[PDB]
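Comments concern the structure below.
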Amino acid sequence: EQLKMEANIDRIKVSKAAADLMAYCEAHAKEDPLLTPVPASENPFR
Amino acid sequence: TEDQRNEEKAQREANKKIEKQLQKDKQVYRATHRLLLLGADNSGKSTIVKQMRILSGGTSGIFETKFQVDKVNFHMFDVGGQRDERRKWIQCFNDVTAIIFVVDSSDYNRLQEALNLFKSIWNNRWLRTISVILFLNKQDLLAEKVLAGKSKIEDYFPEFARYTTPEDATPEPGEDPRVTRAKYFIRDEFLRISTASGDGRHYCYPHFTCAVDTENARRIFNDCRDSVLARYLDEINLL
Amino acid sequence: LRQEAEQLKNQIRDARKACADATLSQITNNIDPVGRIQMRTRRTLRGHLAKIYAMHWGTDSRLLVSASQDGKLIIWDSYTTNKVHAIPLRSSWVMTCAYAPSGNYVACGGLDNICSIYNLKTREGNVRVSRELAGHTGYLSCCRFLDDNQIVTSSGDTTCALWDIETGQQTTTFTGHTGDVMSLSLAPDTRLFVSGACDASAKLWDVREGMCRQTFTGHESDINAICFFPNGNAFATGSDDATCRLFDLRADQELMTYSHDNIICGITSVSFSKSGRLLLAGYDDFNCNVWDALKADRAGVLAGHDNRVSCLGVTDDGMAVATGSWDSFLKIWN
Amino acid sequence: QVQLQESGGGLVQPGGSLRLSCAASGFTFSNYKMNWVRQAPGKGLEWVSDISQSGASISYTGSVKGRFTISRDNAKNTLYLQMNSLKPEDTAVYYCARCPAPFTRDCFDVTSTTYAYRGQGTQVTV
Amino acid sequence: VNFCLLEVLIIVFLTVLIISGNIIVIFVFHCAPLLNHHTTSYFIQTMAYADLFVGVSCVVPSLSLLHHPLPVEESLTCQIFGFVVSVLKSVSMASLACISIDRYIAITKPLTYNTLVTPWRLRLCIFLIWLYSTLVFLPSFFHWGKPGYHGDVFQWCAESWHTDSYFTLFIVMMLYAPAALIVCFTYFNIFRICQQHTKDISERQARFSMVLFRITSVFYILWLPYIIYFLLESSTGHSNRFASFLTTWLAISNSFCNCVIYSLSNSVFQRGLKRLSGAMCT
């Protein structure tokens with residue numbers, strides 16, 4: 001049951017996963033509002 | 001534009017009407033006292049529900065009971081339909097006025113489970129504030145089941161033999177001393193858990209409750225008085 | 001047997017461990033720090049009677065819903081600080097709320113074990129309940145909208161369920177868990193979702209088949225909140241063991257822990273930023289903390305509450321971060 | 001991954017003294033508080049023994065209070081329940097129950113049938 | 001004013017610190033959200049408004065001491081100044097009274113508290129405080145004596161004006177002595193209840209083997225020699241000059257003292273002060 005349920009799925013490389021996570025953080029970093037703070041009128045809470 | 005001004009005026013009217021409705025419900029929520037009922041099943045939750053129904057509502061899952069005494073209304077929540085584990089939905093009962101706790105007096109084997117339940121209530125991080133009313137239910141059947149004999153408390157609780165009666169209110173148990181030593185041991189055994197730790201911010205209010213005890217809603221009333229009054233006496237020094 | 005299969009799974013996990021040479025912060029040590037991230041209460045939506053226990057944002061990232069155990073369901077406006085509606089509720093005990101991407105409907109998961117679904121934009125303009133989804137026996141911990149019509153609902157009867165509203169029956173049942181399933185987050189691609197339970201484990205389910213695709217058991221206690229990584233290959237878990245952890249699907253192995261010895265209270269809520277550098281964790285020691293996701297360092301504190309932080313929600317665009325607590329006060333943060 | 005296996009137990013002579021162990025892995029053993037819970041046939045679950053995170057404070061159920069003993073070895077990461085002067089009704093399945101939270105005096109371990117942090121259990125016989 | 005400082009320095013040092021404490025307590029009450037959850041902290045906000053206004057009034061005679069820039073006849077101009085303080089300090093006085101009644105309600109019928117102290121009756125209490133504090137001392141406008149010895153450096157009241165003792169007796173039997181009676185009655189019953197409760201709870205615990213009063217006591221000991229010496233100099237018509245001026249300034253000092261004492265008294269106010277200081281330092 002659990003053996004056939006978990007057995008089939010592949011285990012990809014952790015270094016590849018860390019590189020992918022780093023790329024996913026870096027690519028959308030320019031439009032990141034809290035990571036890169038906004039202009040005071042552009043920040044709609046202001 | 002003028003339409004933006006109209007939208008802002010509409011939002012102002014809506015927030016004013018909603019704040020008016022919430023301000024009207026604030027007083028009725030603050031006035032009414034909420035009461036968690038907890039306990040085992042053989043401990044007569046249902047019979048004391050029937051006594052407050054001596055004194056529609058959603059019976060799906062939780063049961064509700066309304067009763068008012070002396071122009072103060074208590075609304076009292078029985079957690080019926082919920083599953084047995086209680087580590088998480090007992091966090092939801094934080095701001096309640098008092099945790100009523102009901103114990104079957106007669107059968108000594110589940111008393112240890114009730115004691116562990118009380119200890120779990122007392123030391124919980126979110127339940128440390130709340131005063132715990134204590135009820136010891138079916139008090140007559142305890143007396144019959146000890147006076148019939150052949151059922152040793154001593155086997156379950158060995159510290160009963162090295163125990164004596166400290167004090168009592170005598171005429172009600174005036175037929176017998178050994179039932180007095182029994183029931184007052186049960187009180188003392190809960191109160192060892194109660195006075196175990198803390199800073200005196202929540203208190204245990206035990207009552208020896210029979211099946212036929214009519215006015216015991218008023219005992220709930222007066223010890224809600226004691227809990228709220230002690231809360232206010234701490235509130236003087238707190239602010 | 002089953003124990004030999006568990007040893008085989010430990011062998012495959014050790015193979016993934018051999019694939020895992022160094023830590024992610026060890027890998028991204030060439031990338032420099034995020035830096036300090038201060039924040040301030042840009043607005044303070046006050047107006048609840050009792051403890052705010054869960055909130056949800058809108059997909060406009062402008063309107064939001066909060067729910068408290070007084071029996072009020074309040075739609076706040078973040079920009080004007082005005083409450084659009086305040087639905088009075090039949091039962092007071094409410095453990096979650098959810099807000100449709102279409103914006104028409106609001107869900108109210110309660111401890112009465114009935115989910116309620118409300119329509120906001122009604123023809124008459126007076127707000128009533130549309131339907132009452134009733135198939136659960138335990139309390140309802142979390143619920144989220146799959147679409148406008150499909151809704152996923154976790155509960156304390158250890159089973160999730162996927163529902164359609166006008167039909168009124170459980171389309172799919174999700175029964176793998178042993179502990180009470182208490183958090184869930186759903187992916188942006190929406191065909192797969194995740195759920196953590198009180199048994200220190202997260203299952204990820206395909207929403208069509210309704211079966212546990214993957215199981216992760218890194219944690220040590222109850223798991224209070226879970227959240228997908230934005231680009232969809234990972235998720236973070238906030239759990240009562242006072243540790244937070246980042247888990248991956250493709251590697252099928254946990255990557256990152258988020259722990260400091262001085263803080264001891266359990267994580268209550270968790271959320272991500274849009275970019276995913278910036279992880280946000282509510283807490284019982286009264287202050288939200290905010291972590292660099294890829295260095296596991298405490299970037300900052302967002303402390304403005306007097307009681308435990310129940311709920312924590314980031315906007316879609318990623319500017320504002322709403323937070324509620326048991327002090328009945330909801331606050332919008334940067 | 002959390003891990004609990006019991007060891008020891010089975011049949012012994014009725015007056016005998018029987019030693020049991022519980023191994024715990026996947027967490028810091030130090031901060032949690034341990035319980036033993038026994039299941040007699042045709043019964044519900046019952047809490048039997050309690051010991052804190054420190055091991056300085058300790059508590060016993062009333063029946064086997066003067067009779068049995070419980071010990072923790074946090075550095076060795078093991079739990080032990082020794083039975084002394086056994087009595088024939090005490091035969092049961094002896095689960096090792098881990099408390100849910102750390103740094104926490106209260107627990108809600110003894111439940112209906114299901115619980116995350118119980119061990120699988122071993123059965124002792126008089 | 002070549003050597004005016006040897007008497008004016010007390011007034012300057014009092015007034016600056018009084019306004020500073022008022023502003024600090026005002027901001028501390030405003031920033032903390034759950035401070036307003038209690039009913040009493042509304043009255044501390046009332047004291048804070050009275051404290052800021054009393055500090056502004058103190059700043060007025062300070063500017064009179066050297067500059068005299070405004071219309072400086074002071075036959076009425078300084079005179080009505082005394083009216084202000086005779087209202088405003090007494091406003092703070094009546095604040096204590098209604099607070100005591102508040103806590104007395106919370107001791108007497110403690111469940112029905114929230115039905116008898118509605119906030120509408122709370123705004124009615126605050127409006128009757130300001131109205132009555134105006135209304136008692138108003139006939140100082142009507143040429144029948146002034147109730148204050150504040151700002152006695154004003155030489156016009158030092159020479160022309162004399163106390164009418166019937167006016168003095170009417171105002172002390174009208175406003176001062178009801179405040180004293182109400183406060184003593186409330187704290188008599190409150191410490192009765194509190195000590196009775198304390199011994200019972202400790203006896204139950206051993207059987208299984210008042211910052212509002214501090215604020216009140218500070219205010220009453222600080223205002224006590226002013227009323228006593230006020231009655232004396234009303235009674236005989238004999239002045240002790242430096243004693244009268246020091247007594248009046250010390251009576252003024254209570255509004256300065258209350259904010260700092262409440263700062264030390266509540267650690268929740270200390271936490272609000274810590275959060276506000278971390279914000280204002282940033």
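Labeling convention for the structure tokens: chains A, B, ... as they appear, residues from 1 per chain, ligands from 1 in order of appearance.
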
With the cut-off set at 12 Å and counting only C-alpha atoms, tabulate each residue of region 5-88 of chain B with an atom at most that distance from an atom of region 119-141 of chain E, showing the nearest atom pair and its distance in Å to one decimal, ordered by chain and increasing number, as a Markdown table.
```
| residue | atom | partner | partner_atom | distance |
| --- | --- | --- | --- | --- |
| B:23 | CA | E:119 | CA | 10.7 |
| B:24 | CA | E:119 | CA | 11.8 |
| B:26 | CA | E:119 | CA | 11.3 |
| B:27 | CA | E:119 | CA | 9.8 |
```

Counting only C-alpha atoms, chain C residues within 9 Å of chain B, as an MDAnalysis selection string: chainID C and resid 47:51 53 69:70 72 80:86 90:91 93:95 111:114 137:139 156:157 180

Spatial neighbours of region 309-316 of chain C, 9 Å, only C-alpha atoms, chain gap at least 5 places, as a ChimeraX atom specification: /C:51-62,267-274,280-288,321-327

All alpha helix (DSSP H) positions in region 114-251 of chain E, as an NGL selection string: :E and (114-116 or 119-137 or 155-159 or 165-171 or 177-207 or 211-236 or 241-251)

Interface, chain E side, toward chain C (9 Å; only C-alpha atoms) as a list in words: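 Matching residues, ligands excluded from the count: residues 33, 34 and 275 of chain E.
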
With N, CA, C and O atoms retained, export the selected residues as an mmCIF file, in the first residue's frame.
```cif
data_model
loop_
_atom_site.group_PDB
_atom_site.id
_atom_site.type_symbol
_atom_site.label_atom_id
_atom_site.label_comp_id
_atom_site.auth_asym_id
_atom_site.auth_seq_id
_atom_site.Cartn_x
_atom_site.Cartn_y
_atom_site.Cartn_z
ATOM 1 N N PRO E 33 -3.056 50.015 22.087
ATOM 2 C CA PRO E 33 -4.445 49.763 21.667
ATOM 3 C C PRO E 33 -5.340 49.243 22.777
ATOM 4 O O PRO E 33 -6.489 49.680 22.899
ATOM 5 N N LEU E 34 -4.844 48.319 23.598
ATOM 6 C CA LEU E 34 -5.708 47.672 24.578
ATOM 7 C C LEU E 34 -5.746 48.448 25.886
ATOM 8 O O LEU E 34 -6.364 48.000 26.859
ATOM 9 N N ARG E 275 7.626 50.419 23.306
ATOM 10 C CA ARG E 275 7.273 50.369 21.888
ATOM 11 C C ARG E 275 7.243 51.763 21.270
ATOM 12 O O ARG E 275 7.730 51.966 20.149
#
```

Shell of 10 Å around residue 29 (chain D), only C-alpha atoms, local chain residues under 5 positions omitted, as a PyMOL selection string: chain D and resi 23-24+34+53+72-79+98+102

Store the residues of this selection in a file with N, CA and C atoms, as a PDB file, in the first residue's frame.
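Resulting contents of selection03.pdb:
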```pdb
ATOM      1  N   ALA D  23      12.605   3.125  23.057  1.00  0.00           N
ATOM      2  CA  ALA D  23      13.575   3.928  22.332  1.00  0.00           C
ATOM      3  C   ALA D  23      12.854   4.994  21.525  1.00  0.00           C
ATOM      4  N   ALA D  24      13.404   6.202  21.524  1.00  0.00           N
ATOM      5  CA  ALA D  24      12.754   7.346  20.902  1.00  0.00           C
ATOM      6  C   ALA D  24      13.756   8.098  20.044  1.00  0.00           C
ATOM      7  N   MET D  34       7.369  11.813  29.393  1.00  0.00           N
ATOM      8  CA  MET D  34       7.054  10.471  28.939  1.00  0.00           C
ATOM      9  C   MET D  34       5.917   9.865  29.747  1.00  0.00           C
ATOM     10  N   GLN D  53      10.057  16.104  31.838  1.00  0.00           N
ATOM     11  CA  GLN D  53      11.222  16.271  30.983  1.00  0.00           C
ATOM     12  C   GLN D  53      12.506  16.162  31.793  1.00  0.00           C
ATOM     13  N   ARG D  72      14.174   7.716  33.109  1.00  0.00           N
ATOM     14  CA  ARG D  72      14.586   8.257  31.821  1.00  0.00           C
ATOM     15  C   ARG D  72      16.093   8.414  31.790  1.00  0.00           C
ATOM     16  N   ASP D  73      16.682   8.162  30.626  1.00  0.00           N
ATOM     17  CA  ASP D  73      18.092   8.431  30.371  1.00  0.00           C
ATOM     18  C   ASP D  73      18.145   9.289  29.111  1.00  0.00           C
ATOM     19  N   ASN D  74      18.131  10.608  29.325  1.00  0.00           N
ATOM     20  CA  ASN D  74      18.023  11.565  28.233  1.00  0.00           C
ATOM     21  C   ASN D  74      19.288  11.588  27.391  1.00  0.00           C
ATOM     22  N   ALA D  75      20.450  11.466  28.036  1.00  0.00           N
ATOM     23  CA  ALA D  75      21.710  11.388  27.304  1.00  0.00           C
ATOM     24  C   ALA D  75      21.815  10.079  26.539  1.00  0.00           C
ATOM     25  N   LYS D  76      21.362   8.990  27.143  1.00  0.00           N
ATOM     26  CA  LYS D  76      21.307   7.699  26.478  1.00  0.00           C
ATOM     27  C   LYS D  76      20.078   7.579  25.595  1.00  0.00           C
ATOM     28  N   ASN D  77      19.132   8.521  25.737  1.00  0.00           N
ATOM     29  CA  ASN D  77      17.937   8.650  24.899  1.00  0.00           C
ATOM     30  C   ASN D  77      17.057   7.405  24.974  1.00  0.00           C
ATOM     31  N   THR D  78      16.735   6.980  26.197  1.00  0.00           N
ATOM     32  CA  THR D  78      15.936   5.782  26.433  1.00  0.00           C
ATOM     33  C   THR D  78      14.988   5.998  27.608  1.00  0.00           C
ATOM     34  N   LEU D  79      13.888   5.243  27.623  1.00  0.00           N
ATOM     35  CA  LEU D  79      12.922   5.237  28.720  1.00  0.00           C
ATOM     36  C   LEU D  79      12.802   3.816  29.255  1.00  0.00           C
ATOM     37  N   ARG D  98       4.286   9.520  23.979  1.00  0.00           N
ATOM     38  CA  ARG D  98       5.080  10.731  23.978  1.00  0.00           C
ATOM     39  C   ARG D  98       4.094  11.894  24.026  1.00  0.00           C
ATOM     40  N   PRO D 102       6.538  20.143  23.349  1.00  0.00           N
ATOM     41  CA  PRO D 102       7.676  20.260  24.262  1.00  0.00           C
ATOM     42  C   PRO D 102       7.489  21.443  25.192  1.00  0.00           C
TER      43      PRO D 102
END
```

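CA of residue 39 (chain C) sits 17.8 Å away from CA of residue 272 (chain E).
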
Coordinates-based distance that separates CA of residue 84 (chain E) from CA of residue 72 (chain E) (Å, one decimal):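 Separation of CA of residue 72 (chain E) and CA of residue 84 (chain E): 17.0 Å.
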
Polymer residues at most 9 Å from residue 246 (chain E), only C-alpha atoms, same-chain spacing of 5 or more positions, as a PDB file with N, CA, C and O atoms, in the first residue's frame:
```
ATOM      1  N   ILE E  10      10.913  77.913  40.490  1.00  0.00           N
ATOM      2  CA  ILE E  10      10.023  76.822  40.868  1.00  0.00           C
ATOM      3  C   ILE E  10       8.890  76.692  39.862  1.00  0.00           C
ATOM      4  O   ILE E  10       8.561  75.584  39.423  1.00  0.00           O
ATOM      5  N   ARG E 241       2.964  84.479  53.498  1.00  0.00           N
ATOM      6  CA  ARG E 241       3.060  84.775  52.071  1.00  0.00           C
ATOM      7  C   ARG E 241       3.786  83.676  51.309  1.00  0.00           C
ATOM      8  O   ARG E 241       3.226  83.072  50.381  1.00  0.00           O
ATOM      9  N   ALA E 251       0.409  72.366  45.278  1.00  0.00           N
ATOM     10  CA  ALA E 251      -0.906  71.871  44.892  1.00  0.00           C
ATOM     11  C   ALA E 251      -1.015  71.723  43.386  1.00  0.00           C
ATOM     12  O   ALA E 251      -1.710  70.829  42.890  1.00  0.00           O
TER      13      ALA E 251
END
```

Shell around region 5-8 of chain E at 10 Å using only C-alpha atoms, local window under 2 positions removed, as a count of residues only: 16

Counting only C-alpha atoms, the residue of A:29, A:1, A:8, A:36 that sits nearest chain C: A:29

Contact set, chain C to chain D: 10 Å, only C-alpha atoms, as a PyMOL selection string: chain C and resi 178-180+197-201+216-222+240-242+264-266

Distance in Å - CA of residue 22 (chain E) versus CA of residue 81 (chain E): 19.7 Å

Chain D residues near chain B (10 Å cut-off, only C-alpha atoms) as a list in words: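 My answer is residues 45, 46, 47, 48, 61, 62, 63, 64, 65, 66, 100, 101, 104, 105, 106, 107, 108, 109, 110, 111, 112, 113, 114 and 115 of chain D.
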
Residues within 12 Å of residue 10 (chain A), only C-alpha atoms, excluding chain neighbours under 3 positions, as number ranges by chain: A: 5-7, 13; C: 9, 12-13, 15-16, 213-214, 249-253

Could you write those residues out with N, CA, C and O atoms, as an mmCIF file, in the first residue's frame?
```cif
data_model
loop_
_atom_site.group_PDB
_atom_site.id
_atom_site.type_symbol
_atom_site.label_atom_id
_atom_site.label_comp_id
_atom_site.auth_asym_id
_atom_site.auth_seq_id
_atom_site.Cartn_x
_atom_site.Cartn_y
_atom_site.Cartn_z
ATOM 1 N N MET A 5 2.743 3.054 -3.049
ATOM 2 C CA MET A 5 2.342 4.451 -3.168
ATOM 3 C C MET A 5 3.551 5.375 -3.254
ATOM 4 O O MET A 5 3.550 6.346 -4.019
ATOM 5 N N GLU A 6 4.586 5.101 -2.460
ATOM 6 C CA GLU A 6 5.747 5.986 -2.441
ATOM 7 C C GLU A 6 6.864 5.474 -3.343
ATOM 8 O O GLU A 6 7.839 6.191 -3.595
ATOM 9 N N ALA A 7 6.744 4.240 -3.837
ATOM 10 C CA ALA A 7 7.870 3.592 -4.501
ATOM 11 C C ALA A 7 8.093 4.124 -5.910
ATOM 12 O O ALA A 7 9.235 4.175 -6.385
ATOM 13 N N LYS A 13 17.701 15.383 -8.149
ATOM 14 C CA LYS A 13 18.897 15.859 -7.462
ATOM 15 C C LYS A 13 18.599 17.074 -6.593
ATOM 16 O O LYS A 13 17.949 18.026 -7.030
ATOM 17 N N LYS C 9 12.888 2.418 1.601
ATOM 18 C CA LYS C 9 12.609 3.846 1.504
ATOM 19 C C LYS C 9 13.671 4.664 2.229
ATOM 20 O O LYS C 9 14.025 5.762 1.788
ATOM 21 N N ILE C 12 16.502 4.790 -0.222
ATOM 22 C CA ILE C 12 16.280 5.790 -1.267
ATOM 23 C C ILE C 12 16.453 7.197 -0.707
ATOM 24 O O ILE C 12 16.978 8.094 -1.383
ATOM 25 N N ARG C 13 16.024 7.409 0.541
ATOM 26 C CA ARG C 13 16.236 8.689 1.206
ATOM 27 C C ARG C 13 17.716 8.944 1.453
ATOM 28 O O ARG C 13 18.177 10.083 1.362
ATOM 29 N N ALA C 15 20.024 7.793 -0.531
ATOM 30 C CA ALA C 15 20.516 8.129 -1.864
ATOM 31 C C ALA C 15 20.251 9.593 -2.195
ATOM 32 O O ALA C 15 21.103 10.270 -2.785
ATOM 33 N N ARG C 16 19.074 10.098 -1.816
ATOM 34 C CA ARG C 16 18.784 11.521 -1.980
ATOM 35 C C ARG C 16 19.645 12.371 -1.051
ATOM 36 O O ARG C 16 19.943 13.532 -1.355
ATOM 37 N N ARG C 213 -0.048 11.596 -3.117
ATOM 38 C CA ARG C 213 1.083 11.440 -4.022
ATOM 39 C C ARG C 213 2.396 11.359 -3.260
ATOM 40 O O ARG C 213 3.228 10.489 -3.539
ATOM 41 N N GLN C 214 2.600 12.242 -2.287
ATOM 42 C CA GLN C 214 3.814 12.205 -1.490
ATOM 43 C C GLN C 214 3.510 12.512 -0.034
ATOM 44 O O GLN C 214 2.566 13.237 0.290
ATOM 45 N N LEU C 249 9.305 18.935 -3.391
ATOM 46 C CA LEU C 249 8.613 17.831 -4.046
ATOM 47 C C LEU C 249 9.563 16.994 -4.886
ATOM 48 O O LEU C 249 9.600 15.766 -4.758
ATOM 49 N N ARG C 250 10.326 17.649 -5.769
ATOM 50 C CA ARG C 250 11.122 16.950 -6.777
ATOM 51 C C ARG C 250 12.243 16.134 -6.149
ATOM 52 O O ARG C 250 12.550 15.028 -6.605
ATOM 53 N N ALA C 251 12.871 16.666 -5.103
ATOM 54 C CA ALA C 251 13.888 15.895 -4.403
ATOM 55 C C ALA C 251 13.258 14.895 -3.446
ATOM 56 O O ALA C 251 13.923 13.941 -3.024
ATOM 57 N N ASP C 252 11.976 15.101 -3.106
ATOM 58 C CA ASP C 252 11.226 14.325 -2.111
ATOM 59 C C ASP C 252 11.929 14.314 -0.750
ATOM 60 O O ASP C 252 11.982 13.292 -0.063
ATOM 61 N N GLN C 253 12.490 15.448 -0.348
ATOM 62 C CA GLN C 253 13.262 15.516 0.879
ATOM 63 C C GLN C 253 13.184 16.941 1.410
ATOM 64 O O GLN C 253 13.065 17.900 0.646
#
```

Interface, chain B side, toward chain E (12 Å; only C-alpha atoms) as JSON, numbers by chain: {"B": [23, 24, 26, 27, 28, 29, 30, 31, 32, 33, 69, 70, 71, 72, 73, 74, 97, 166, 167, 184, 185, 187, 188, 189, 190, 191, 192, 193, 194, 195, 196, 197, 198, 199, 200, 201, 202, 203, 204, 205, 206, 221, 222, 223, 224, 225, 226, 227, 228, 229, 230, 231, 232, 233, 234, 235, 236, 237, 238, 239]}

Nearest to chain A by atom-to-atom distance, counting only C-alpha atoms, from C:124, C:189, C:148, C:292: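 Of the candidates, the smallest distance to chain A is held by C:292.
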
Neighbours of chain C in chain A at 6 Å, counting only C-alpha atoms, as JSON, numbers by chain: {"A": [11, 12, 13, 14, 18, 25, 28, 29, 32, 33, 34]}

Residue subset to file, keeping N, CA and C atoms, as a PDB file, in the first residue's frame:
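What landed in out.pdb:
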```pdb
ATOM      1  N   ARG A  11      13.283  10.512  -7.295  1.00  0.00           N
ATOM      2  CA  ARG A  11      13.912  11.450  -6.369  1.00  0.00           C
ATOM      3  C   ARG A  11      14.994  12.213  -7.129  1.00  0.00           C
ATOM      4  N   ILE A  12      14.664  13.427  -7.573  1.00  0.00           N
ATOM      5  CA  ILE A  12      15.594  14.219  -8.371  1.00  0.00           C
ATOM      6  C   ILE A  12      16.706  14.786  -7.492  1.00  0.00           C
ATOM      7  N   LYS A  13      17.701  15.383  -8.149  1.00  0.00           N
ATOM      8  CA  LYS A  13      18.897  15.859  -7.462  1.00  0.00           C
ATOM      9  C   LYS A  13      18.599  17.074  -6.593  1.00  0.00           C
ATOM     10  N   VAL A  14      19.095  17.031  -5.353  1.00  0.00           N
ATOM     11  CA  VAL A  14      18.852  18.108  -4.399  1.00  0.00           C
ATOM     12  C   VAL A  14      19.614  19.367  -4.791  1.00  0.00           C
ATOM     13  N   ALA A  18      17.976  22.973  -5.333  1.00  0.00           N
ATOM     14  CA  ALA A  18      18.446  24.202  -4.708  1.00  0.00           C
ATOM     15  C   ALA A  18      18.757  25.265  -5.751  1.00  0.00           C
ATOM     16  N   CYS A  25      13.838  32.440  -6.868  1.00  0.00           N
ATOM     17  CA  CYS A  25      13.920  33.623  -6.021  1.00  0.00           C
ATOM     18  C   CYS A  25      14.532  34.796  -6.777  1.00  0.00           C
ATOM     19  N   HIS A  28      12.085  36.575 -10.118  1.00  0.00           N
ATOM     20  CA  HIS A  28      11.019  37.482  -9.729  1.00  0.00           C
ATOM     21  C   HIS A  28      11.435  38.403  -8.594  1.00  0.00           C
ATOM     22  N   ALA A  29      12.728  38.704  -8.482  1.00  0.00           N
ATOM     23  CA  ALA A  29      13.209  39.550  -7.397  1.00  0.00           C
ATOM     24  C   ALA A  29      13.023  41.028  -7.714  1.00  0.00           C
ATOM     25  N   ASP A  32       9.688  42.282  -6.631  1.00  0.00           N
ATOM     26  CA  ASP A  32       9.383  41.936  -5.254  1.00  0.00           C
ATOM     27  C   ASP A  32       9.090  43.199  -4.445  1.00  0.00           C
ATOM     28  N   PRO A  33       7.883  43.342  -3.895  1.00  0.00           N
ATOM     29  CA  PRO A  33       7.546  44.608  -3.229  1.00  0.00           C
ATOM     30  C   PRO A  33       8.138  44.755  -1.839  1.00  0.00           C
ATOM     31  N   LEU A  34       8.130  43.704  -1.023  1.00  0.00           N
ATOM     32  CA  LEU A  34       8.641  43.856   0.335  1.00  0.00           C
ATOM     33  C   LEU A  34      10.141  43.617   0.390  1.00  0.00           C
TER      34      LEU A  34
END
```
